[PDB]
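One chain is shown next in C-alpha cells, namely the form deposited in one PDB entry.
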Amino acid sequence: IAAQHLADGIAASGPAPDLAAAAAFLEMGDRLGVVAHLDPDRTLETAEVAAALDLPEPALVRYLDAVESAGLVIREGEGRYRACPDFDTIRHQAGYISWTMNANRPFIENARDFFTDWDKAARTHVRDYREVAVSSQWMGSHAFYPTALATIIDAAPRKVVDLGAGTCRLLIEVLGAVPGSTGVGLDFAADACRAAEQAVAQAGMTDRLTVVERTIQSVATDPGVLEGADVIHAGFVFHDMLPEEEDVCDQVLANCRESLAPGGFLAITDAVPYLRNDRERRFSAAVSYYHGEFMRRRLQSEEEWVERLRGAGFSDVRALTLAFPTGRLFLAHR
C-alpha cells in the first residue's frame, strides 16, 4: 500500500545508485589527487594532504566529509580519515564505470561525427590517456592484474620482459618476489618512462630493472633486449597495431619466440571480440564496439590468436579466461 511503490522502486534501481555515486566521488577525488592518499589500512591527515596537493584545507575537508557521509571513508579523529574496509573493491568496480563513461567519453558524445567522417573525428575527439590509464588500473586490480602476477612469479624466472610496461609496477612486484631476477620495462612514452625510472629507483631495483624507451615495433628489427628472457608479458597492447601493422606485429611475435630462453613463454593479456555468454556479453560488446568502431583496432578471437601464435613458431598455446569480461591470458610456450 504505497509501501509497494517503494519496494518495487528499490528492486528496480538495485545497486546502481551506490555505484553511480561511488564512481563520481572517486573520479572527482582521483583527478584532485586525493584518492591515492585513501587506504583502508591508514589515515589521511587533511592538514598535510591539503598542503601536498595545493588545495584549500576547508575545501578538502568538505569533500572528505561528503565521502564520509557516503560511507566511503571513516573519520578517525579530527582532521584524519580512513578508507572503508572494502574500499579497494569499491574502487575496482568504479573502474568499469570510469572507463566506459569517462575515459571513452569522446566516443559517447561524438558518435555522429565518427559515423559520418571517421578520419576527421578520430583526430578531433581524443581520449585523455591519463583517464585511460587510471581506470584500466582500477579494473585490473581485481580482474586481470592478479592472474598475470601469479603466473609470472610461479614460473620462477631469471629474466622478465614487459612490452608497454608503463610505471613498471608489475615488474617491481615480480622482482620483489623472485630474489634473484632481472626485468626490462619497455614503453615509448617519455613521461611513463620517467616515472617508471624513479619508482624502480625508490625500490632499489635500479640495477636489476632497466627502463628502455622504445616502441614495441622497434623490437621487430632490434630484438636484442628480448634475448634469453624466461617470460615476456604484453598487457592490452598488441591489438593497437592491427590491422595497420600486421606484418610488423607478426614479426615481433616471431622475434619473441626466438628470443625466449628454453622453457620460456610469452604471456599476452588482450580482449577478444563480442562474446555471447551471459556473464561477459554486455561489457564485451562495449570493449569491442569502442575498439572496432571508434579506435579501428582489430581484436582477435581465441582461435585467431592461437593461429597467429602458432605461425610465429610457438610450440603450444594455452588460453585462460580472466575475470575481466572478454579478457583472455594467452600463454605461448616456445
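Here, rigid core means the biggest group of C-alpha atoms that superpose within 1.5 Å across both forms. Numbering starts at 1 and follows the sequence shown.
Unshown form deposited in another entry; subsequent notes refer to it.
A.B. asks: Which residue in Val174, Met139, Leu72, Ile97 stands out, with a C-alpha shift of 2 Å or more between this form and the one not shown when both forms are set on the rigid core?
C.D. replies: After core superposition, the single residue displaced by 2 Å or more is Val174.
A.B. asks: Does the C-alpha of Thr124 move 2 Å or more between this form and the one not shown once the rigid core is lined up?
C.D. replies: The answer is no, as the C-alpha of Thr124 shifts between this form and the one not shown by less than 2 Å after core alignment.
A.B. asks: Answer yes if the Cα of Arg257 shifts by 2 angstroms or more between this form and the one not shown on a rigid-core superposition, and no otherwise.
C.D. replies: Yes, because once the rigid core is superposed, the C-alpha of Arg257 moves 2 Å or more between this form and the one not shown.
A.B. asks: Using the rigid core as the reference frame, would you say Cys84 shifts its C-alpha by 2 Å or more between this form and the one not shown?
C.D. replies: Shift of 2 Å or more: no.
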